[PDB]
Amino acid sequence: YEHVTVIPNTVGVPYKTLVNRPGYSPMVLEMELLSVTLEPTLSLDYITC
Amino acid sequence: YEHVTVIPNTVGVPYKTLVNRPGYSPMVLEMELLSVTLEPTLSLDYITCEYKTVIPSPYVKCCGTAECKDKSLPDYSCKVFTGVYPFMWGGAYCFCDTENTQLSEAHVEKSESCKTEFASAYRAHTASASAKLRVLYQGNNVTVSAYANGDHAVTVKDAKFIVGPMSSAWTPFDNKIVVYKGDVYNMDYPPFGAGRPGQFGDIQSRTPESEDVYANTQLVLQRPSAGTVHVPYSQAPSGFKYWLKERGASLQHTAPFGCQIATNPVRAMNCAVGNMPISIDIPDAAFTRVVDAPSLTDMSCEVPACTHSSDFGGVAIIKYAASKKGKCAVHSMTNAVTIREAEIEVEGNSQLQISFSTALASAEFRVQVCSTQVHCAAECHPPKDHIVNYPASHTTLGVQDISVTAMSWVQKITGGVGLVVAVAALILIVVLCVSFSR
């Protein structure tokens, strides 16, 4: 059963949402971004030393 | 006790009917057409198949004219060719280079395949309905099987069933029909003894075993190639062997109302057309007295969820209290909302759960629970998925006459405009009245 949501992009804070399936008792989903990573694409221009 | 009722002719969908014998407890029967079958009455007109042309060795007359005989054979042709001079492998056949003639003759016959590879052309004028039918009687799925002609009752579980006559005479077959194997085709085949060359029926016979043949292949003998002993000829190639490449689609793939077709004997199965009368003479033992059966009171209902989902996507719960332990029948008074369950256990004070299906965007209905009625209603959501592999478990919608709660928007705007045009008519009547009152 498919459920969609959005949470603020803020690491280590838990967020809460209500699973809703009509005719079935609800349940609660908690989720937490443990980390998020951006990895840029690098082109080497030069070394110096 | 004879209860008589009418169901849609759709195979594979269950229907609920309510027996309501006065002074006894009501009883619900589920029933379901497992198949229906239209079998025509067939008269064979003729067989068609592949001819063989027969050519005896050509007689060649040395030094004279050959005599052209005549005889009746199915397409007999004979000719005398003059000024021939044939060679065999060791030399010329006749004594002289001139004044010889060759008598060429030929006819046609059925190939000895015609008792196993043939098309059979029938005239198929009237048809007998037959049906096979599940009923949920006293907690047993039990099957009955009978000719749906309106006579001929059948008995099972000591209950007597009589079925038909079927409301529509419609059938996929035209008056003329042809069968090959499992295929059958509606076509206007040519008369016996009048088939054209190179088309279906260029050769014809009354039965595959018959000795008599009509054939019309336009066979024409031709002059041998000056030195060869052969018999060349021109003929239309077999109309049957052309038909086998040009048949097109059998009735099985092309008939309306979702029919399926089969052979030996030929049938149309499961035609989704019209409706079926059914009558049951139920034996007396099934009927509990209304005073002996469990009676509910103080019942009330909730619909935790509902959807238009074709397949019992609505769910409901009824609280109740009742006068004893026992078994209790359930039915829906509103044709727009079908209920899945049929009978259920009732005891003390408790609640029962049931399933329902509908097209309605806001369901409202009365559920009868043995000799008592509860009102039930709620909102319904749309299903998500556009397409399914099964027919709907409920009727089509009353599209003009039934619509959502929030139809109150119609009552608001038509009541507001209606009030204004009535206020207008009243003020006009006041000034009209004082203009007359002078």
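Residues numbered from 1 in each chain as written, not as in the entry; some residues may be left out. Chains lettered and ligands numbered in written order. Part of a larger assembly, values for the part shown. Heavy atoms only, no water.

**Structural notes on the pairing of strand β11 (residues 140-147) of chain B**
All names here are of chain B.
- Looking at chain direction, strand β10 (residues 119-137) and β11 are connected through 8 bridges and run antiparallel. Residue pairing for β11: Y137 is matched across the bridge by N140.
- In this structure, the hairpin formed by β10 and β11 is closed by a connection of 2 residues, where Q138 is found at a positive phi of approximately 50°. (Pairing = 2+ DSSP bridges. Helix = DSSP H or I, 4+ residues; strand = E, 2+ residues; numbered from the N terminus.)

**Some remarks on the sheet that holds strand β28 (residues 349-358) of chain B**
Residues and elements named next belong to chain B.
- The antiparallel open sheet is built from 4 strands, whose spatial order is β23-β24-β28-β26. This sheet does not close on itself; its edge strands, each paired only once, are β23 (296-305) and β26 (337-339). Geometrically, the sheet is characterised by an average inter-axis angle of 35° between neighbouring strands, direction not taken into account.
- Examined bridge by bridge, β23 and strand β24 (residues 314-322) share 6 bridges and lie antiparallel to one another. (Axes fitted to C-alpha atoms, helices over the stretch in contact; angles between N-to-C directions.)

**What about helix α1 (residues 239-246) of chain B?**
Residues and elements named next belong to chain B.
- All of the buried residues along α1 are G239, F240, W243 and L244. Angular distribution of buried residues about the axis of α1 spans 145°; they occupy a single face of the element. Looking at α1, the residues exposed on the side facing more than 90 degrees away from the buried face are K245 and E246.
- Residues of α1 that are buried make contact with β3 (27-48), β10, β14 (176-179) and β15 (184-185). (Buried < 20%, exposed > 50% of the residue type's maximum accessible area, 1.4 Å probe, protein only. Arc of directions from axis to C-beta. Contact = heavy atoms within 4.5 Å.)

**Quick notes on the sheet that holds strand β22 (residues 275-281) of chain B**
Residues and elements named next belong to chain B.
- Reading across from one edge, β1-β22-β13-β12 is the order of the 4 strands in this open sheet, with antiparallel pairing throughout. With partners counted over all chains shown, the strands left at the sheet margins are β1 (2-8) and β12 (154-156), one partner each. Across the sheet, the axes of successive neighbouring strands diverge by a mean angle of 25°, strand direction being ignored.

These figures capture arrangement, not role.
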